[PDB]
Amino acid sequence: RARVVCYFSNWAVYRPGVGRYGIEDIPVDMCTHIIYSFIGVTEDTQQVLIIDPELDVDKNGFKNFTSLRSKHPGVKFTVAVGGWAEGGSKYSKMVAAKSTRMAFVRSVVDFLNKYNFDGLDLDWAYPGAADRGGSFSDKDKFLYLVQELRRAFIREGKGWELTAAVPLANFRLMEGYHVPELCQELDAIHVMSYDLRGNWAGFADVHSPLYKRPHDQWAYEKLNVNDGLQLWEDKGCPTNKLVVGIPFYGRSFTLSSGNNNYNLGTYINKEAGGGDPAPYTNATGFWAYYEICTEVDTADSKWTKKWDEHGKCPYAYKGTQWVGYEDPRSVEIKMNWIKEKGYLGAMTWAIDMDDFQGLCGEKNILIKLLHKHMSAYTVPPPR
Ligand SMILES: CC(=O)N[C@@H]1[C@@H](O)[C@H](O[C@@H]2O[C@H](CO)[C@@H](O)[C@H](O)[C@H]2NC(C)=O)[C@@H](CO)O[C@H]1O
Ligand SMILES: *[C@@H]1O[C@H](CO)[C@@H](O)[C@H](O)[C@H]1NC(C)=O
Ligand SMILES: *[C@@H]1O[C@H](CO)[C@@H](O)[C@H](O)[C@H]1NC(C)=O
């Protein structure tokens, strides 16, 4: 009854060489819930925005994805609306009035019917966030959107699920999330327990520490997976609605000039924007798990690998490059911790960044860990 929630990135198909990851690459049997990311919302009409129509519609992306249920009928296939790149202003605008929300709700219902999805994952980052085009009113109005979507899903009579991806920082919760009301309307809360540290913070650190470290101060004090999930509980979310996010990627940094200190919290060249891009994801500031393991785990690697004893995460560095991530050791620790706490399951961002090619050894090694622990686990009643 535990969940293994797999976010699937529709843009991963454009990665060159062995990075190429399409619908056919999804290890469907390792997941209980798979989420096609992303669709968006239009600025002008508050309707569903199809972001890559040539892929999603013309090449039958949406339907290829949902058709996987023929061979795997136990698995739920949903779609996610939003994501970071979509921005927050169009969503704040969409929820501002009852009329615009109902327009979106209708559009959503038509879309889900048309492409045979099992429901919707909400990925607005974030209601109430001034840095994301949000405002104070978003908190009530996001709740209204959620209530209105749930009611529409009920009226359709197909048992569609409604879920949401959420942050764990307290200030974000206060600004955007009516926790008890949201958790009762949603089938699951996909907690984004990653990107907790990164170039934007001005220092090198792992981005999904499980527990507090000594250098964690002020806003960062409780910004860890354990305390963050505890925060969701304290604000009124039942343990059996909480799904814990696991990143299949690392956050990278370029260290400051002449800096020979590689410890957690060391100063960085923030203007660099992060570590140098890797060959497949091609982005400053992060590496896919498979880009990390092919560099760090080879026999003749010049990388130095270390372990965060409190956060329970690996980090590795070479020259000016520093990357914090998750490996099988750290993932295993989180799986056991999930079961100990009694949470609903594990989520990954994102399945397309696992070592699906087995470049480093075993294919799909990280998702195999999630599946192994969750499939043998019974979620206890709410605490
Ligand atoms: C709701 C939310 O904040 N979703 C986050 C993701 O958007 C984000 O992944 C990022 O998605 C972008 C598209 O919206 C991509 O442009 C970007 O490359 C991608 N970044 C990574 C590292 O995959 C992830 C991770 O930052 O957090 C999600 O929960
Ligand atoms: C969908 O499946 C068809 C038939 O195998 C394939 O030709 C097409 O490329 C697939 N589309 C996507 C987006 O994966
Ligand atoms: C890779 O990303 C960089 C950003 O630094 C961009 O300039 C370049 O066009 C990208 N290359 C490919 C082949 O995607």
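About the criteria used
- Residues numbered from 1 in each chain as written, not as in the entry; some residues may be left out.
- Chains lettered and ligands numbered in written order.
- Heavy atoms only, no water.
- Helix = DSSP H or I, 4+ residues; strand = E, 2+ residues; numbered from the N terminus.
- Rg over C-alpha atoms; globule rule 2.2 N^0.38 Å.
- Buried < 20%, exposed > 50% of the residue type's maximum accessible area, 1.4 Å probe, protein only.
- Contact = heavy atoms within 4.5 Å.
- Areas by Shrake-Rupley, 256 points an atom, 1.4 Å probe, with all protein chains shown as cover.
- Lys, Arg positive; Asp, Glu negative; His and termini not counted.
- Charge placed at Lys NZ, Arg CZ, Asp CG, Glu CD.
- Core = buried A, V, L, I, M, F, W, Y, C linked by side-chain atoms within 4.5 Å.
- Domains from an automatic or database assignment.
- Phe/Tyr/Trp six-rings, centres within 6.5 Å; stacked < 30°, edge-to-face > 60°.
- Disulfide = S-S within 2.5 Å.
- Pairing = 2+ DSSP bridges.
- Axes fitted to C-alpha atoms, helices over the stretch in contact; angles between N-to-C directions.
- Parallel < 35°, antiparallel > 145°, perpendicular 65-115°, else oblique.
- Left-handed = near helix turned anticlockwise from the far one by under 90°.
- Nonpolar A, V, L, I, M, F, W, Y, C, P; charged D, E, K, R; others polar.
- Near = heavy atom within 4 Å.
- Polar contact = N/O pair within 3.5 Å; in protein donor to acceptor, adjacent residues only side chain to side chain.

- Per the deposited record, determination of this structure is attributed to X-ray crystallography, with the resolution reported as 2.204 Å.

**A few points about the overall build of the protein chain**
Here is step 1 of the chain: Helix and strand counts for the protein chain come out as 11 helices and 14 strands.
Here is step 2 of the chain: Over its C-alpha trace the protein chain gives a radius of gyration of 20 Å, about what one expects of a compact globule, namely 21 Å for 383 residues.
Here is step 3 of the chain: Dimensions of the protein chain, computed from C-alpha atoms along their principal axes, come out at roughly 60 × 45 × 45 Å.
Here is step 4 of the chain: For the protein chain, the proportion of its 383 residues judged to be buried stands at 59%.
Here is step 5 of the chain: The long-range fraction of contacts in the protein chain, counting pairs at least 24 apart against all pairs at least 6 apart in sequence, stands at 73%.
Here is step 6 of the chain: When the accessible surface of the protein chain is totalled, it reaches about 15,800 Å², and 50% of it is carbon and sulfur.
Here is step 7 of the chain: Charged side chains of the protein chain number 44 positive and 47 negative; the gap between the two group centres comes to 3 Å.

**Observations regarding the nonpolar core**
Here is step 1 of the chain: Formed by 109 residues in total, the largest nonpolar core has its most connected members in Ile34, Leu120, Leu122, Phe153 and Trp232.
Here is step 2 of the chain: When residues of this core are assigned to domains, at least three fall in each of domain 1 (1–247 + 326–383) and domain 2 (248–325).
Here is step 3 of the chain: Non-local contacts of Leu120, meaning those with residues more than four positions away in its chain, are made with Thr78, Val79, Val81, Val108, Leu112, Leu149, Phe153, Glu161, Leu162 and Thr163.
Here is step 4 of the chain: Ranked by size, the runner-up nonpolar core spans 9 residues in total, among them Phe253, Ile268, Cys313 and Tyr317.

**Section: the packing of aromatic side chains**
Here is step 1 of the chain: Enumeration over the complete set of coordinates arrives at 34 aromatic pairs.
Here is step 2 of the chain: For the pair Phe111 and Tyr115, a centre-to-centre distance of 5.0 Å together with 55 degrees between the ring planes defines the contact as tilted. Taken together, the positions of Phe111 and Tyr115, both in helix 4 (residues 98–115) and 4 residues apart, correspond to about one turn of that helix. Like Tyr115, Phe111 is buried.
Here is step 3 of the chain: Aromatic side chains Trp124 and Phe142 sit 5.5 Å apart centroid to centroid with 85 degrees between the ring planes, which places their arrangement in the edge-to-face category. Of this pair, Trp124 sits in the loop between strand 5 (119–123) and helix 5 (138–156) while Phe142 sits in helix 5, placing them 18 residues apart in sequence.
Here is step 4 of the chain: With relative accessibility at 4%, the residue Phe142 sits in the buried group.

**Let's talk about the state of the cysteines**
Here is step 1 of the chain: Across all of its chains, the model carries 3 disulfides by this definition.
Here is step 2 of the chain: Across the disulfide from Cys6 sits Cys31; the S-S distance is 2.0 Å. Between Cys6 and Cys31, the disulfide has an S-S torsion of -95 degrees and is therefore left-handed. Taken as a pair, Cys6 in strand 1 (residues 3–9) and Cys31 in the loop between strand 1 and strand 2 (33–41) lie far apart in primary sequence, 25 residues in all.

**Thoughts on unusual backbone geometry**
Here is step 1 of the chain: Of note, the amide linkage connecting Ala125 to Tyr126 takes the cis form, showing an omega dihedral of -15 degrees.
Here is step 2 of the chain: Along the chain, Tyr126 falls in the loop between strand 5 and helix 5.
Here is step 3 of the chain: For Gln46, which is not a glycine, the phi torsion comes out positive at approximately 55 degrees.
Here is step 4 of the chain: In this structure, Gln46 sits in the loop between strand 2 and strand 3 (48–49).

**Observations concerning the pairing of strand 2**
Here is step 1 of the chain: With respect to burial, strand 2 is a largely interior element, 9 of its 9 residues being buried.
Here is step 2 of the chain: In this structure, strand 2 lies alongside strand 4 (residues 76–82), joined through 6 bridges in parallel fashion. Bridging from a neighbouring strand, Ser37 pairs with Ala80 of strand 4.
Here is step 3 of the chain: Where strand 2 and strand 3 come together, 2 bridges link them in antiparallel fashion. Paired with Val41 across the two strands is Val48, which belongs to strand 3.
Here is step 4 of the chain: Linking strand 2 back to strand 3 in an antiparallel pair, the connection comprises 6 residues, with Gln46 at a positive phi of about 55 degrees.

**A few points about the packing of helix 8 (residues 225–234) against helix 10 (residues 328–341)**
Here is step 1 of the chain: Two numbers describe how helix 8 lies on helix 10: the axes approach to 12 Å, and their chain directions differ by 30 degrees. Relative to helix 10, the element helix 8 lies roughly parallel. Along this stretch, helix 8 crosses helix 10, giving a crossing that reads as right-handed. Of the residues in helix 10, those touching helix 8 at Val225, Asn226, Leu229 and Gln230 are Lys334, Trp337 and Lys341.
Here is step 2 of the chain: Classifying every residue of the contact of helix 8 with helix 10 by side-chain character gives 3 nonpolar, 2 polar and 2 charged.

**Some words on the site of ligand 1**
Here is step 1 of the chain: Near ligand 1, the surroundings consist of 15 residues, among which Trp84, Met192, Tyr194, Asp195 and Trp349 are the closest.
Here is step 2 of the chain: A distance of 3.3 Å is found between an oxygen atom of ligand 1 and a side-chain nitrogen or oxygen belonging to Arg251.
Here is step 3 of the chain: Isolated, ligand 1 exposes 570 Å² of accessible area, and the fraction of that covered by the protein chains is 84%.
Here is step 4 of the chain: Each residue belonging to the shell around ligand 1 can be placed in one class, and the counts come to 11 nonpolar, 1 polar and 3 charged.
Here is step 5 of the chain: Composition of the shell around ligand 1 by domain shows at least three residues from each of domain 1 (1–247 + 326–383) and domain 2 (248–325).

**Topic: the packing of helix 10 against helix 11 (residues 365–375)**
Here is step 1 of the chain: Packing of helix 10 against helix 11 brings their axes to within 10 Å, and their N-to-C directions diverge by 20 degrees. The orientation of helix 10 relative to helix 11 falls into the category roughly parallel. For the pair helix 10 and helix 11, the sense of crossing is right-handed. Here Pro328, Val331, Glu332, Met335, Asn336, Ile338 and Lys339 of helix 10 lie close against helix 11, whose contacting residues are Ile365, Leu366, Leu369, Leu370, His373 and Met374.
Here is step 2 of the chain: Taken together, the residues that form the contact of helix 10 with helix 11 break down as 9 nonpolar, 2 polar and 2 charged.

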